[PDB]
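Q: Dumping the structure here so I can ask a few things about it.
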Amino acid sequence: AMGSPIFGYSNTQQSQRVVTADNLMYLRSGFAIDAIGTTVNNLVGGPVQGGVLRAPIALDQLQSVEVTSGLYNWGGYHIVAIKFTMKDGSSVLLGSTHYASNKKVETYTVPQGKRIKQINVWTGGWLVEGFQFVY
């Protein structure tokens with residue numbers, strides 16, 4: 001009712017970012033998810049120097065998410081891919097499903113009438129291990 005569940009894992013360090021009036025979610029990704037934020041300057045995760053910045057997600061138009069996490073081929077357990085499906089049916093896939101094993105796929109629909117106001121991000125300083133929407 002008050003937020004999404006925690007996708008992925010929650011054993012690393014949680015930071016919190018406020019969604020702006022643009023209602024945008026920014027990510028750095030490559031073979032996995034490196035960082036998550038709400039501006040190009042406040043991303044939480046690995047260092048800018050670690051993946052590369054992608055186009056942001058319009059949270060006001062986000063319908064559902066499909067989050068792939070598992071044993072990363074280069075070590076540990078992290079979120080390796082997120083697929084964002086928008087209200088109009090189009091989707092975008094950031095990260096990759098192909099460089100991890102023992103994989104879990106989490107699906108969740110953004111409830112009707114909710115605005116995503118904060119994003120919680122769990123990161124160990126290298127990759128993203130979990131994230132959560134707050135309404």
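Residue numbering restarts at 1 for every chain of the structure tokens, chains are lettered A, B, ... in their displayed order, and ligands are numbered from 1 as they appear.
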Taking 5 positions as the minimum chain separation for residues in the same chain, which residues sit within 10 Å of residue 5 (chain A) when counting only C-alpha atoms? Answer as a list in words.
A: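 Listing them by chain and then by number gives residues 108, 130, 131, 132, 133 and 134 of chain A.
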Q: Need to verify the contact set: residue 64 (chain A), 8 Å, only C-alpha atoms, exclusion of same-chain residues closer than 3 positions in sequence. Can you return it as JSON, numbers by chain?
A: {"A": [84, 85, 86, 107, 108, 109, 110]}
Q: Could you dump the residues just selected with N, CA, C and O atoms as an mmCIF file, in the first residue's frame?
A:
```cif
data_model
loop_
_atom_site.group_PDB
_atom_site.id
_atom_site.type_symbol
_atom_site.label_atom_id
_atom_site.label_comp_id
_atom_site.auth_asym_id
_atom_site.auth_seq_id
_atom_site.Cartn_x
_atom_site.Cartn_y
_atom_site.Cartn_z
ATOM 1 N N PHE A 84 11.568 -2.535 -17.626
ATOM 2 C CA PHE A 84 10.506 -1.590 -17.307
ATOM 3 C C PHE A 84 9.461 -1.627 -18.415
ATOM 4 O O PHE A 84 9.770 -1.323 -19.571
ATOM 5 N N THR A 85 8.230 -1.994 -18.060
ATOM 6 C CA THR A 85 7.104 -1.986 -18.986
ATOM 7 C C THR A 85 6.238 -0.771 -18.687
ATOM 8 O O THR A 85 5.761 -0.610 -17.560
ATOM 9 N N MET A 86 6.019 0.064 -19.696
ATOM 10 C CA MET A 86 5.255 1.288 -19.516
ATOM 11 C C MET A 86 3.767 1.036 -19.754
ATOM 12 O O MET A 86 3.353 -0.018 -20.242
ATOM 13 N N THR A 107 8.300 -10.104 -10.697
ATOM 14 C CA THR A 107 7.363 -9.259 -11.423
ATOM 15 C C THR A 107 6.449 -8.542 -10.441
ATOM 16 O O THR A 107 5.991 -9.133 -9.457
ATOM 17 N N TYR A 108 6.175 -7.270 -10.725
ATOM 18 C CA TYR A 108 5.363 -6.435 -9.856
ATOM 19 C C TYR A 108 4.723 -5.336 -10.697
ATOM 20 O O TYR A 108 5.383 -4.750 -11.557
ATOM 21 N N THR A 109 3.436 -5.081 -10.454
ATOM 22 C CA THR A 109 2.692 -4.019 -11.124
ATOM 23 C C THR A 109 2.573 -2.816 -10.196
ATOM 24 O O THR A 109 2.184 -2.965 -9.033
ATOM 25 N N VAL A 110 2.886 -1.631 -10.713
ATOM 26 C CA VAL A 110 2.726 -0.396 -9.947
ATOM 27 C C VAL A 110 1.233 -0.173 -9.731
ATOM 28 O O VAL A 110 0.479 -0.111 -10.712
#
```
Q: Can you pull out the residues contacting residue 20 (chain A)? Cut-off 9 Å, using only C-alpha atoms, and skip same-chain residues under 2 positions away; I want them as a list in words.
A: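 Counting only C-alpha atoms, the residues come to residues 18, 22, 23, 24, 38, 39, 117 and 118 of chain A.
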Q: Provide the CA of residue 51 (chain A) to CA of residue 90 (chain A) distance in Å, to one decimal place.
A: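 The value is 23.6 Å.
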Q: Go through A:123, A:41, A:63, A:69 and flag the residue nearest residue 99 (chain A), using only C-alpha atoms for the distances.
A: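 Nearest to residue 99 (chain A): A:69.
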Q: For residue 125 (chain A), work out the shell of residues within 10 Å, counting only C-alpha atoms and skipping chain neighbours fewer than 5 positions away, then give it as a ChimeraX atom specification.
A: /A:12-13,34-35,44-47
Q: Would you export the selected residues with C-alpha atoms as an mmCIF file, in the first residue's frame, please?
A:
```cif
data_model
loop_
_atom_site.group_PDB
_atom_site.id
_atom_site.type_symbol
_atom_site.label_atom_id
_atom_site.label_comp_id
_atom_site.auth_asym_id
_atom_site.auth_seq_id
_atom_site.Cartn_x
_atom_site.Cartn_y
_atom_site.Cartn_z
ATOM 1 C CA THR A 12 24.010 -4.263 1.499
ATOM 2 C CA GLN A 13 23.747 -0.578 2.378
ATOM 3 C CA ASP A 34 25.573 -0.600 -11.391
ATOM 4 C CA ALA A 35 23.644 2.287 -9.806
ATOM 5 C CA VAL A 44 23.599 5.310 -5.734
ATOM 6 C CA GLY A 45 25.853 2.347 -6.511
ATOM 7 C CA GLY A 46 29.201 1.844 -8.209
ATOM 8 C CA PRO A 47 31.587 4.678 -9.004
#
```
